[PDB]
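Computation of the quantities below employed the complete heavy-atom set of this structure, encompassing side-chain atoms and omitting hydrogens, waters and symmetry-equivalent molecules. Counting from 1, the numbers follow the sequence of the chain as shown.
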Amino acid sequence: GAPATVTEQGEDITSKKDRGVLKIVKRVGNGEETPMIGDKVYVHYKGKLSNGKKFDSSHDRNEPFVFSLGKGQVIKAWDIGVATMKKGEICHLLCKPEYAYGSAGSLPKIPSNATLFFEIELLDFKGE
Ligand SMILES: COC[C@H]1CN(Cc2ccccn2)C(=O)[C@@H]2CCC[C@H]1N2S(=O)(=O)c1ccc2ncsc2c1
């Protein structure tokens with residue numbers, strides 16, 4: 001399925017080249033521009049654990065998830081991966097625990113040492 005495919009066929013987008021964050025572009029977005037550090041970014045996403053369970057979805061809430069890019073408001077894999085996206089892009093990201101919740105996990109939904117799968121859609125980005 002999609003998690004296997006990004007694991008085996010994804011691009012390593014880490015600066016360290018440690019395969020900690022792998023990406024596939026699923027829907028090509030608009031032009032060349034990507035958000036910059038500090039932009040307000042608006043996304044839709046779904047996240048799955050390596051056991052196949054969906055742990056979260058913004059579409060199920062009928063509202064986007066909003067954060068300031070590059071400020072550690074989200075897991076490292078998102079600061080790295082959303083920074084690569086064009087407006088309107090949909091991507092798959094495979095996030096090893098060192099770029100996610102590590103050995104701590106996130107109680108209650110994410111276990112220790114969890115590799116996470118996301119589908120992310122970059123809806124918009126704005127400088128405030
Ligand atoms: C609604 O969740 C928003 C956001 C959470 N954070 C930041 C954060 C703040 C405080 C504590 C932990 N994490 C994230 O970095 C990542 C990536 C952005 C999207 C979300 N997650 S998540 O991995 O999908 C996730 C993780 C745990 C969780 N518990 C129940 S729902 C759920 C969602």
Side-chain angles (χ1 to χ4, degrees), residues 1-127:
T5 295
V6 59
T7 300
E8 296 173 340
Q9 314 294 329
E11 176 188 346
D12 184 358
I13 61 164
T14 64
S15 64
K16 284 186 189 173
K17 301 308 149 82
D18 62 13
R19 292 192 58 94
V21 184
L22 305 173
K23 180 187 180 195
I24 295 174
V25 176
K26 297 295 293 174
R27 181 174 71 202
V28 177
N30 299 333
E32 304 191 20
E33 195 174 6
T34 60
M36 69 171 291
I37 180 168
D39 282 348
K40 188 175 184 185
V41 301
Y42 294 74
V43 303
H44 269 300
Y45 71 96
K46 79 172 83 146
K48 295 194 151 187
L49 298 183
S50 56
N51 69 6
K53 301 195 162 184
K54 185 176 67 177
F55 65 84
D56 200 25
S57 167
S58 62
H59 279 294
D60 292 343
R61 293 189 288 268
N62 303 118
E63 67 174 48
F65 178 70
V66 182
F67 70 102
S68 294
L69 183 65
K71 300 300 177 180
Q73 295 183 356
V74 291
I75 58 172
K76 289 173 176 184
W78 272 53
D79 272 341
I80 295 162
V82 175
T84 73
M85 295 182 75
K86 287 90 163 175
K87 186 169 171 183
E89 181 178 316
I90 303 174
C91 81
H92 288 175
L93 299 174
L94 198 274
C95 309
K96 302 306 288 180
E98 297 76 17
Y99 294 87
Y101 293 99
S103 48
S106 175
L107 278 52
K109 299 200 177 162
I110 302 178
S112 184
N113 302 331
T115 293
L116 305 183
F117 169 85
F118 293 94
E119 178 171 284
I120 303 174
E121 177 179 0
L122 179 56
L123 303 162
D124 200 14
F125 59 91
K126 302 173 154 169

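In this structure the side chain of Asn113 reaches within 4.5 angstrom of the side chain of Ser103, judged on heavy atoms. Contact annotation: the side chain of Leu122 approaches that of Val41 to within less than 4.5 Å [non-hydrogen atoms, C-beta and beyond]. Using a 4.5 Å heavy-atom cutoff, the side chains of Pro111 and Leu49 are in contact. Under the 4.5 Å side-chain criterion, counting only non-hydrogen atoms from C-beta, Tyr42 is in contact with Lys126.
Using a 4.5 Å cut-off between side-chain heavy atoms of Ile, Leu, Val, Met, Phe, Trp and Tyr, with links allowed through other members, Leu22 and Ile80 fall into different hydrophobic clusters. Under the 4.5 Å side-chain heavy-atom criterion for grouping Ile, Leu, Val, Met, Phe, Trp and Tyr, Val74 is connected to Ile13 within one hydrophobic cluster. In the hydrophobic clustering of this structure, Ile90 does not group with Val25; members are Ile, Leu, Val, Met, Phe, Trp, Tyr whose side-chain heavy atoms approach within less than 4.5 Å, directly or through other members. Under a hydrophobic-cluster definition in which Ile, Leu, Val, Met, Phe, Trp and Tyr are linked whenever side-chain heavy atoms come within less than 4.5 Å, directly or via other members, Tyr101 and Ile120 are assigned to the same cluster. Residues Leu116 and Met85 share a hydrophobic cluster, clusters being chains of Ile/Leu/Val/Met/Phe/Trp/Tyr side chains in contact below 4.5 Å.
Counting only residues at least two apart or on different chains, the side chain to side chain donor-acceptor pair (under 3.5 Å) pairs with a member in residues 25-34 are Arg27-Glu121.
At distances below 3.5 Å, at least one donor-acceptor pair connects side-chain atoms of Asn51 with backbone N or O atoms of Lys53. Formation of a donor-acceptor pair under 3.5 Å by the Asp56 side chain with backbone atoms of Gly47 is not found in this model. In terms of modelled atom types and a separation under 3.5 Å, the side chain of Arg19 and the main chain of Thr7 share a donor-acceptor contact.
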Derivation of the salt bridge (charged side-chain N to carboxylate O under 4.0 Å, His left out) call for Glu89 and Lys23 = CA-CA 12 Å; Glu89 181 178 316; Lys23 180 187 180 195; 2.8 Å; yes
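Ring pair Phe117/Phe55: centre-to-centre distance not below 6.0 Å.
The distance from atom CD of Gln9 to atom NE2 of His92, rounded to the nearest 0.5 Å, is 14.0 Å. How far CG of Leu69 is from CE of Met36: 9.5 Å, rounded to the nearest 0.5 Å. Here CG of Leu94 is found 10.0 Å from CD of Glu8. Values are rounded to the nearest 0.5 Å.
Residue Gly38 comes nearest to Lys71 through the heavy atom pair CA-CE, 3.9 Å, listed as atom of the first residue, atom of the second, then distance. The two residues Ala100 and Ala114 have their closest heavy-atom pair at CB-O, 4.5 Å. The shortest non-hydrogen separation linking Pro64 to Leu123 is CB-CD1, 3.6 Å.
With sequence neighbours excluded, the residues that form a salt bridge (charged side-chain N to carboxylate O under 4.0 Å, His left out) with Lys54 are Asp60. The ring pair (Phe, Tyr, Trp, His ring centres under 6.0 Å) check on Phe65 picks up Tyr45, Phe67, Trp78, with sequence neighbours excluded.
Looking at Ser106, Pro108, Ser112 one by one, the single match for side-chain contact (heavy atoms from CB on, under 4.5 Å) with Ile110 turns out to be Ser106. Here the rule is side chain to side chain donor-acceptor pair (under 3.5 Å) with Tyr99, and of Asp79, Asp18, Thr115 only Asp18 fits it.
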